[PDB]
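Here's the structure, in structure tokens; my notes come after.
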Amino acid sequence: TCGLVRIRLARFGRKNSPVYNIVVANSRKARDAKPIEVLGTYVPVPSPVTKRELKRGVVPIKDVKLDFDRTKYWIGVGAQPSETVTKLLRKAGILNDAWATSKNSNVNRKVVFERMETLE
Amino acid sequence: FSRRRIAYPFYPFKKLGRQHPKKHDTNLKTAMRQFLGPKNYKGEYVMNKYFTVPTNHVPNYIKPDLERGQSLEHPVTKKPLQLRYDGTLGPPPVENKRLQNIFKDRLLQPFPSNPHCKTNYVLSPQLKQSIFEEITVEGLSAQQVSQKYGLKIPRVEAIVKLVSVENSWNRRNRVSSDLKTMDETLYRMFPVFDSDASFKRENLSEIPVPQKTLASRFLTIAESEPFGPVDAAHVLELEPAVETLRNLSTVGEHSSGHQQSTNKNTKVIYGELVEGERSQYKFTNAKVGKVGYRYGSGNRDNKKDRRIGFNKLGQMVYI
Amino acid sequence: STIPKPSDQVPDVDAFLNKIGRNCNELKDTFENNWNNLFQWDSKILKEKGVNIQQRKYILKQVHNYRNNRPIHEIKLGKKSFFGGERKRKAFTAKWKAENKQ
Amino acid sequence: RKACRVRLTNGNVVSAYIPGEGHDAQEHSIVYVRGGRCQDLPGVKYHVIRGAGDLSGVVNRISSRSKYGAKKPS
Amino acid sequence: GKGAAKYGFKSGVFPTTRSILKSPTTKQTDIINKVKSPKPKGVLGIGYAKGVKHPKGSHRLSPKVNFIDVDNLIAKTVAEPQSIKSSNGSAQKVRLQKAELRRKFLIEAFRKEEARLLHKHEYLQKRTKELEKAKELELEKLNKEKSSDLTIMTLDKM
Amino acid sequence: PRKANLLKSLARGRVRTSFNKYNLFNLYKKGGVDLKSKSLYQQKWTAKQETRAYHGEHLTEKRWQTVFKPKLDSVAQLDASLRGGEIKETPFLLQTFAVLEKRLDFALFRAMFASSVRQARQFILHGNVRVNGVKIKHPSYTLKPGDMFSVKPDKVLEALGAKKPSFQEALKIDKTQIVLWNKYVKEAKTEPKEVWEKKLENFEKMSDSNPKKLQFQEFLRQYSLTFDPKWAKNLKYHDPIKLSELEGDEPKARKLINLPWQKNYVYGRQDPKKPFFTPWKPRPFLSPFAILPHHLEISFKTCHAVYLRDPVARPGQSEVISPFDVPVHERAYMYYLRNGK
RNA sequence: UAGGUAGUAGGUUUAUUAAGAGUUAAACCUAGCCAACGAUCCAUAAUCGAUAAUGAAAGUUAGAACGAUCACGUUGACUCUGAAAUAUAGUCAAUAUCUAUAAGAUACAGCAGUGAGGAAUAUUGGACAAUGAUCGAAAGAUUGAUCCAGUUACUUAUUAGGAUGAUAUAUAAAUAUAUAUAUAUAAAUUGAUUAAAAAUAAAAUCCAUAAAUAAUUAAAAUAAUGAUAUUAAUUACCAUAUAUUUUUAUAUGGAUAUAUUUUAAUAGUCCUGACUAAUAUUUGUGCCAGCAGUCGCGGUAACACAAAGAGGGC
Ligand SMILES: [K+]
Ligand SMILES: [K+]
Ligand SMILES: [K+]
Ligand SMILES: [Mg+2]
Ligand SMILES: [Mg+2]
Ligand SMILES: [Mg+2]
Ligand SMILES: [Mg+2]
Ligand SMILES: [Mg+2]
Ligand SMILES: [Mg+2]
Ligand SMILES: [Mg+2]
Ligand SMILES: [Mg+2]
Ligand SMILES: [Mg+2]
Ligand SMILES: [Mg+2]
Ligand SMILES: [Mg+2]
Ligand SMILES: [Mg+2]
Ligand SMILES: [Mg+2]
Ligand SMILES: [Mg+2]
Ligand SMILES: [Mg+2]
Ligand SMILES: [Mg+2]
Ligand SMILES: [Mg+2]
Ligand SMILES: [Mg+2]
Ligand SMILES: [Mg+2]
Ligand SMILES: [Mg+2]
Ligand SMILES: [Mg+2]
Ligand SMILES: [Mg+2]
Ligand SMILES: [Mg+2]
Ligand SMILES: [Mg+2]
Ligand SMILES: [Mg+2]
Ligand SMILES: [Mg+2]
């Protein structure tokens, strides 16, 4: 990632149980220093599904809390997301395939579920 | 003034006399053998009036004060038996008048020293089926069944949940003979609930007592000014108490008024799932300034009040 | 994933272990010139077979490259300057210019 | 009452009470001094720790051993 | 600690939220009127009174507030490509897509912020008027004479 | 947890959350907590000693102090003023230990799924307890209103049932049972009339507490209540048991035993594979402790229970089951409020 | 520490700066400015929080840990570059050390580690798998940041076994179901001779789980890459089908000889005259030895010293 204003993960939690803040931060500041803004949170550990649920067809869900509107503003002013943050934003539908790279480009992989925006 | 006091029985018992040097007995142990009576070859205490369970829906709770420590009775005639000089058990010289007319409340009081603890009433297997069939089939509301049988709404909802578990168990032949034997024995040990009996009916007007109201505010008003519950509620800045009771009756899953839709206003996105991916991303809209882990929050891990929780799998996890 | 097919430059596992380099030709006996073993064994199996941390990760990176038609040519690890690391270069250079050129 | 004059590592010279029955403290012995005065001895405001440095624990102490540097008998 | 009570028992802090619009906009009429309003003088006044010389080398008046025109901000910051250039190249196409998305995002941010600010002023004005009306009604009920008032001794004439 | 030592000492006379025989005598002979002649500190100390012995003795003092909540919860009956009957004072201070009732181990004991809180902890730790379908193996798990918890049926039967006798122990009871049966067949045959006369008189004093009379009426229908010499003749003498011969061989032993009540199985071992006394019978001295909680709804057929609410105090009653009166709990509350100062 | 100040207080002008100002330099004027509501001087100290401790609270304390800010990188000054540096740069000097003896290099307040000081604070560990950072078009390279592990009860939390249990023999005709089983005989640890206990304590009995063993195996991470790691967890011959909140249950394919891995449980420490919870007594010592937070204890019946028994805390 380049630029002075970057969107990246700041690590929180305990040893062996990492959690992350999605933050807009100055490139030169420490990873866990108070950033410019905290856009959201990322819990990397998927929620465990029970034996029955697995056969039932439930897929483990990773939970992200994100301010969609504020995130779009920072992309607009030239903030540069990190590679992991880029993957998250492409899955949320904020960023598009223009931010994909040659190594992760899923040009040919079947889609089992299409992005669905709901209210809850 | 205080000193160590061996817990000798408050009632009179036969203390130890001269003892052969190798008995090494204690006055507490001999007092217990007198309470228990003789032990048969099968390891039972048939002479003790508490050895066997009641089978008439009347709890057999200890009444040491009323029987003055006389716990022995004939195993079949249930007639008092007391220790005599010969070392044998026989009829008492004078009948105990304190054991023939016992108050109704005391019969349900398990602990002599605590009259504020009483056993609950067991619901008959019929009332449970009736409640189950009314909420599920007839479609009555928990508020109606609660006001009909005099049972609190949470208890009504629990009966429906438990009877459903008994149907699945009876539908798969999982209730064994031993379970049936145990259930019946325990049923015949407790007083059965009678919806008609007014005293047995549970109070249905109870509300949690808030903390702001727990204080005592007093107002000096004109001598003939009316002041009522609604006026008091305005003074205490709380909803009327009747409203609280009504809102607490619409909480049951089968109760009327149960509603939950004002929260379905949070934008959620479910990320695209591709073949080979082991997990799906779920995004929930949040607001900057509320979302995120705060910086410089108090670490409580090394403090006695460290937060401990449980995950979906039941495993202990630090919060 | 799936088993790629041998090519002309990389006919067998031994040729594969020689092109990638980084002293990976010393594992020719671990694989036994079995093409399928190279493209089926994951890190857990390689760790049980005595491959050290650095080599097994490097092999798996080159196996992924081969599966995707990307070059597997050896890339060398970085090395410090002849005159030493930056933090010890001023001292080293001063002592190397007073013992070579005086 | 057995006492001892001690020069602390900070240069302060103090008078420390030696607790317990019997002690092997001599001149030049390394001792560790803690707070606590001897009430009946005026000017003795400190205690030496039994079982630390060159001062051994009380010989044959059975009760309150931790207060007299006595290890647990097997 | 005890200090957390003042902030809803929230432990730790967040960075101060930045303002998308760093100055008032040209559509916030209410603010524009306030600055134009004549500055008071006297005990609670602000500024140099007529005839009072201001310090030599200093500006007598305060610098004029800079109001942002969101239309002009959008035109200068995220201006559109003047020509429909031929993006046949793979990298040119990616750059075109990224530029389009960034422009869409920042234009929506500036117009949503201005709308929010204007909508917030209207809501406050409506809320205040309601509160004022409710206060008058409440006070009127308090001043309403009840029958119990007959039992309160009075000396109105004196 | 705190190690369990001398929990059932008769000299100390502390009452525990258990159905143990020794714990019943301590409760029987206690006769209340003595608070007379004691200073305020001595009264508080005594109250603490007794209450903690019963309410969560396994918890360390320092842990309990953190768990202890100064806030107690009561309920207000909004119809009391609309009744007219003499109102009763709410025992607020009997809620001092209510915070413990939501623990899973305590909930099991109150549901009578375990014979003591100590046993409840072991049931949870050994993987026999589920809450809302999920196996919970931490005794300190806190239940919320509406939660359902279940215990494996075999564990609940082993806790509420009699102890399984060992083969050797149960083989000596059968030997004595055969000897005392051959004595009843020798007295019935030598003088049948007197035995039957005594038998009829015993059935008059049954009081209906003894269901044996109901069963006996059936037997009189299986053969006016007039004597029958065929009865004495029908009676047969069982064969003696040589403990040595059938020692270590249970199938042999359970084929040489055939009594009118116990047929082809050793005493208490009708099914030696089950973990309790077979046929299943209630544990001794179960009646004094069998208390139905007001805050749980129990289904004993399935060994399921629902946590309805946290125990609350109401006029004239506290749902917190305690063997001690309000004055004792008041002193205990005073002690913990100030951390024992 | 009672007087302090002399660019000191103010005015005017120029230089310098992106920029005000005795901010610096230069010139010329006015006689001011601070101060017993504490000036000037001296000493001490990194500061603070939605952090920690304590209290009913106002507050008080800390400033390790988390986070914010400042200052410094052996010491002093100066200069260069730059938007910004008296830079952990350069220059000169000071102190110390070193080797190559040069107008030389180094300065561990980066990590690990050593000596010293001290009552007292750890590995000369693993990995770039994760999150970041730098370089590169990319492939990738680097990273003592960081992530893990090690050491250390320094702190917190969980677990660290439940039910039953006061003796043993002999004993008893020769299935309408008995039943308060009853007799003898021996044995019975410390204390004590009864409200003097130790003690349901022990052993024994019943039933478990952990660990082990076997199989299985997530998740941290995916396009791929896992240091941690001999992963957590689960299952108890493995697989499969059906029914089956959970869960349960049946039946099946392969697997061993009708049954199917094994199986536990050794806490310390202080105290018992009053404050202050500790009644079951006893021995030694004799104002000695010693105890002691306070009052005090000890001179031959010591509830206080040193112990045994018993007891109270944690
Ligand atoms: K001063
Ligand atoms: K890395
Ligand atoms: K102890
Ligand atoms: Mg006392
Ligand atoms: Mg100056
Ligand atoms: Mg000037
Ligand atoms: Mg000048
Ligand atoms: Mg300093
Ligand atoms: Mg402070
Ligand atoms: Mg300070
Ligand atoms: Mg530090
Ligand atoms: Mg510096
Ligand atoms: Mg310096
Ligand atoms: Mg320098
Ligand atoms: Mg240094
Ligand atoms: Mg270091
Ligand atoms: Mg030292
Ligand atoms: Mg330390
Ligand atoms: Mg070391
Ligand atoms: Mg390294
Ligand atoms: Mg003796
Ligand atoms: Mg295991
Ligand atoms: Mg990598
Ligand atoms: Mg993997
Ligand atoms: Mg002592
Ligand atoms: Mg003496
Ligand atoms: Mg003392
Ligand atoms: Mg003593
Ligand atoms: Mg002792």
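Ordering of the structure tokens sets the chain letters (A, B, ...), residue numbers begin anew at 1 in every chain, and ligands are numbered from 1 in the order given.
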Next on the checklist: Can you pull out every residue from segment 68-185 of chain B that DSSP, working from the backbone, puts in helix (DSSP H, G or I), and format the result as a VMD selection string?
Outcome noted: chain B and resid 97 to 99 104 to 107 125 to 138 142 to 149 153 to 171 177 to 185
Counting only C-alpha atoms (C1' of nucleotides), collect the residues of chain C whose closest atom lies at most 6 Å from chain G, and write them out as a compact mmCIF listing (two decimals) with N, CA and C atoms, in the first residue's frame.
# COMPACT_ATOMS: atom_id res chain seq x y z
N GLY C 78 18.07 -12.37 0.06
CA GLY C 78 18.92 -11.20 0.15
C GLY C 78 20.19 -11.48 0.93
N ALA C 91 32.30 1.52 9.94
CA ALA C 91 33.43 0.91 10.63
C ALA C 91 34.17 -0.06 9.73
N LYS C 95 38.18 0.24 8.11
CA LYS C 95 39.19 -0.78 8.36
C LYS C 95 39.55 -1.56 7.11
N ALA C 98 42.11 0.93 5.09
CA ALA C 98 43.40 1.09 5.74
C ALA C 98 44.19 -0.21 5.77
Checklist entry - Skipping near chain neighbours, those fewer than 5 positions away, what residues fall within 9 Å of segment 7-13 of chain D using only C-alpha atoms (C1' of nucleotides), listed as a ChimeraX atom specification? => result /D:32-33 /G:118
Write the residues of the preceding selection, restricted to N, CA and C atoms (P, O5', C5', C4', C3', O3' and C1' of nucleotides), as a PDB file, in the first residue's frame.
ATOM      1  N   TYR D  32      20.109  -9.099  56.782  1.00  0.00           N
ATOM      2  CA  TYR D  32      19.040  -8.352  56.134  1.00  0.00           C
ATOM      3  C   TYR D  32      18.137  -7.760  57.206  1.00  0.00           C
ATOM      4  N   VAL D  33      17.911  -6.452  57.133  1.00  0.00           N
ATOM      5  CA  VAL D  33      17.177  -5.712  58.153  1.00  0.00           C
ATOM      6  C   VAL D  33      15.818  -5.314  57.594  1.00  0.00           C
TER       7      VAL D  33
ATOM      8  P     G G 118      25.043  -2.024  46.562  1.00  0.00           P
ATOM      9  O5'   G G 118      23.487  -2.344  46.499  1.00  0.00           O
ATOM     10  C5'   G G 118      22.533  -1.300  46.591  1.00  0.00           C
ATOM     11  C4'   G G 118      21.158  -1.770  46.198  1.00  0.00           C
ATOM     12  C3'   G G 118      20.651  -3.023  46.888  1.00  0.00           C
ATOM     13  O3'   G G 118      20.202  -2.794  48.211  1.00  0.00           O
ATOM     14  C1'   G G 118      20.188  -3.156  44.581  1.00  0.00           C
TER      15        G G 118
END
Next on the checklist: Show me which residues line ligand 17, defined as having an atom within 12 Å of a ligand atom where only C-alpha atoms (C1' of nucleotides) and all ligand atoms count, and present them as a PyMOL selection string.
Outcome noted: (chain D and resi 9) or (chain G and resi 115-120)
Item to check | Residue nearest chain A - candidates F:11, F:258, F:134, F:122, atoms counted: only C-alpha atoms | outcome: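 Ranking F:11, F:258, F:134, F:122 by distance to chain A, first place goes to F:134.
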Next on the checklist: Residues near segment 1-14 of chain C, anyone? I mean within 8 Å using only C-alpha atoms (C1' of nucleotides), not counting same-chain ones fewer than 4 positions away, as a VMD selection string.
Outcome noted: chain C and resid 18 25 28 31 33 to 36 38 to 40 66 to 67
Expected file contents, prior selection, C-alpha atoms, as an mmCIF file, in the first residue's frame:
data_model
loop_
_atom_site.group_PDB
_atom_site.id
_atom_site.type_symbol
_atom_site.label_atom_id
_atom_site.label_comp_id
_atom_site.auth_asym_id
_atom_site.auth_seq_id
_atom_site.Cartn_x
_atom_site.Cartn_y
_atom_site.Cartn_z
ATOM 1 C CA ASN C 18 17.068 -28.310 -9.109
ATOM 2 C CA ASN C 25 18.118 -30.720 -4.393
ATOM 3 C CA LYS C 28 15.391 -35.730 -3.765
ATOM 4 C CA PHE C 31 10.081 -37.312 -2.591
ATOM 5 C CA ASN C 33 11.014 -38.786 -7.870
ATOM 6 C CA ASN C 34 7.255 -39.289 -7.431
ATOM 7 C CA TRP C 35 5.460 -36.509 -9.300
ATOM 8 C CA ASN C 36 2.206 -37.036 -7.392
ATOM 9 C CA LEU C 38 5.284 -33.397 -4.835
ATOM 10 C CA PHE C 39 1.806 -32.128 -5.773
ATOM 11 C CA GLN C 40 -0.201 -33.821 -2.997
ATOM 12 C CA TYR C 66 3.933 -24.549 -11.341
ATOM 13 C CA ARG C 67 0.210 -25.291 -11.031
#
Item to check | Selection within 10 Å of ligand 9 by only C-alpha atoms (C1' of nucleotides) and all ligand atoms, output as a PyMOL selection string | outcome: chain G and resi 47-48+60-63
Could you take the residues named above and write them with C-alpha atoms (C1' of nucleotides), as a PDB file, in the first residue's frame?
ATOM      1  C1'   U G  47       2.742  15.431  32.275  1.00  0.00           C
ATOM      2  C1'   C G  48      -2.089  13.550  31.704  1.00  0.00           C
ATOM      3  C1'   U G  60      -6.506  11.535  47.848  1.00  0.00           C
ATOM      4  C1'   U G  61      -2.550   8.399  45.609  1.00  0.00           C
ATOM      5  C1'   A G  62       0.079   6.288  41.429  1.00  0.00           C
ATOM      6  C1'   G G  63       1.784   7.737  36.513  1.00  0.00           C
TER       7        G G  63
END
Item to check | Selection near residue 235 of chain B, 12 Å with only C-alpha atoms (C1' of nucleotides), sequence-local residues under 3 positions removed, as a PyMOL selection string | outcome: chain B and resi 212-213+216-219+227-232+238-240
Grab the residues selected above and save them as a PDB file, in the first residue's frame with N, CA and C atoms.
ATOM      1  N   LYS B 212     -34.861   3.840  41.291  1.00  0.00           N
ATOM      2  CA  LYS B 212     -35.142   5.261  41.457  1.00  0.00           C
ATOM      3  C   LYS B 212     -36.359   5.491  42.342  1.00  0.00           C
ATOM      4  N   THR B 213     -37.360   4.615  42.253  1.00  0.00           N
ATOM      5  CA  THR B 213     -38.561   4.750  43.068  1.00  0.00           C
ATOM      6  C   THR B 213     -38.349   4.280  44.499  1.00  0.00           C
ATOM      7  N   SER B 216     -37.884   7.559  49.126  1.00  0.00           N
ATOM      8  CA  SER B 216     -39.148   8.048  49.677  1.00  0.00           C
ATOM      9  C   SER B 216     -39.249   9.555  49.459  1.00  0.00           C
ATOM     10  N   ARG B 217     -39.971   9.956  48.416  1.00  0.00           N
ATOM     11  CA  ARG B 217     -40.271  11.361  48.176  1.00  0.00           C
ATOM     12  C   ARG B 217     -41.633  11.702  48.764  1.00  0.00           C
ATOM     13  N   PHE B 218     -41.735  12.893  49.346  1.00  0.00           N
ATOM     14  CA  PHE B 218     -42.976  13.372  49.937  1.00  0.00           C
ATOM     15  C   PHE B 218     -43.299  14.749  49.382  1.00  0.00           C
ATOM     16  N   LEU B 219     -44.576  14.973  49.083  1.00  0.00           N
ATOM     17  CA  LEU B 219     -45.059  16.243  48.561  1.00  0.00           C
ATOM     18  C   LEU B 219     -46.109  16.807  49.505  1.00  0.00           C
ATOM     19  N   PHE B 227     -54.465  13.191  44.794  1.00  0.00           N
ATOM     20  CA  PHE B 227     -53.195  12.694  44.280  1.00  0.00           C
ATOM     21  C   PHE B 227     -53.310  11.185  44.141  1.00  0.00           C
ATOM     22  N   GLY B 228     -53.129  10.682  42.922  1.00  0.00           N
ATOM     23  CA  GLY B 228     -53.315   9.278  42.645  1.00  0.00           C
ATOM     24  C   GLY B 228     -52.119   8.631  41.978  1.00  0.00           C
ATOM     25  N   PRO B 229     -52.243   7.338  41.663  1.00  0.00           N
ATOM     26  CA  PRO B 229     -51.106   6.613  41.071  1.00  0.00           C
ATOM     27  C   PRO B 229     -50.531   7.282  39.835  1.00  0.00           C
ATOM     28  N   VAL B 230     -51.383   7.835  38.971  1.00  0.00           N
ATOM     29  CA  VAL B 230     -50.888   8.467  37.754  1.00  0.00           C
ATOM     30  C   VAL B 230     -50.101   9.726  38.094  1.00  0.00           C
ATOM     31  N   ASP B 231     -50.600  10.518  39.045  1.00  0.00           N
ATOM     32  CA  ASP B 231     -49.863  11.701  39.477  1.00  0.00           C
ATOM     33  C   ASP B 231     -48.520  11.314  40.080  1.00  0.00           C
ATOM     34  N   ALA B 232     -48.500  10.267  40.906  1.00  0.00           N
ATOM     35  CA  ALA B 232     -47.240   9.794  41.469  1.00  0.00           C
ATOM     36  C   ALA B 232     -46.274   9.377  40.369  1.00  0.00           C
ATOM     37  N   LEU B 238     -41.886   7.920  35.742  1.00  0.00           N
ATOM     38  CA  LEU B 238     -41.991   6.530  35.327  1.00  0.00           C
ATOM     39  C   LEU B 238     -43.380   6.276  34.764  1.00  0.00           C
ATOM     40  N   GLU B 239     -43.476   5.273  33.896  1.00  0.00           N
ATOM     41  CA  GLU B 239     -44.776   4.854  33.404  1.00  0.00           C
ATOM     42  C   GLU B 239     -45.634   4.370  34.574  1.00  0.00           C
ATOM     43  N   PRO B 240     -46.955   4.537  34.496  1.00  0.00           N
ATOM     44  CA  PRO B 240     -47.819   4.027  35.566  1.00  0.00           C
ATOM     45  C   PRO B 240     -47.544   2.556  35.848  1.00  0.00           C
TER      46      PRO B 240
END
Item to check | Shortest interatomic distance to chain G - which of D:61, D:71, D:15, D:45, counting only C-alpha atoms (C1' of nucleotides) | outcome: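 Looking at the shortest contact to chain G, the residue is D:61.
Atom CA of residue 42 of chain A sits 6.8 Å away from atom CA of residue 65 of chain A.
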Item to check | residue 41 of chain D surroundings by only C-alpha atoms (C1' of nucleotides), 12 Å radius, close-in-sequence under 6 positions cut, as JSON, numbers by chain | outcome: {"D": [1, 2, 3, 15, 16, 17, 18, 47]}
Residue selection dump (N, CA and C atoms) as an mmCIF file, in the first residue's frame:
data_model
loop_
_atom_site.group_PDB
_atom_site.id
_atom_site.type_symbol
_atom_site.label_atom_id
_atom_site.label_comp_id
_atom_site.auth_asym_id
_atom_site.auth_seq_id
_atom_site.Cartn_x
_atom_site.Cartn_y
_atom_site.Cartn_z
ATOM 1 N N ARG D 1 18.195 -8.812 76.211
ATOM 2 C CA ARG D 1 17.738 -8.779 74.827
ATOM 3 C C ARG D 1 18.929 -8.676 73.880
ATOM 4 N N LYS D 2 19.026 -9.618 72.947
ATOM 5 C CA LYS D 2 20.112 -9.630 71.975
ATOM 6 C C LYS D 2 19.798 -8.659 70.843
ATOM 7 N N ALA D 3 20.693 -7.700 70.617
ATOM 8 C CA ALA D 3 20.573 -6.731 69.537
ATOM 9 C C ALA D 3 21.874 -6.721 68.746
ATOM 10 N N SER D 15 20.222 -0.038 64.783
ATOM 11 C CA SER D 15 20.230 -1.087 65.794
ATOM 12 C C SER D 15 19.047 -2.010 65.531
ATOM 13 N N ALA D 16 19.332 -3.281 65.263
ATOM 14 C CA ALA D 16 18.310 -4.260 64.923
ATOM 15 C C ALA D 16 18.219 -5.332 66.000
ATOM 16 N N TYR D 17 16.989 -5.696 66.351
ATOM 17 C CA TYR D 17 16.743 -6.772 67.300
ATOM 18 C C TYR D 17 16.842 -8.119 66.595
ATOM 19 N N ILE D 18 17.497 -9.080 67.241
ATOM 20 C CA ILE D 18 17.626 -10.437 66.718
ATOM 21 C C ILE D 18 16.549 -11.297 67.379
ATOM 22 N N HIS D 47 14.385 -4.948 62.803
ATOM 23 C CA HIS D 47 14.568 -6.367 63.057
ATOM 24 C C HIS D 47 15.442 -6.965 61.967
#
Checklist entry - Between atom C1' of residue 95 of chain G and atom 1 (Mg, counted along the ligand's line) of ligand 12, what is the distance, to one decimal in Å? => result 18.9 Å
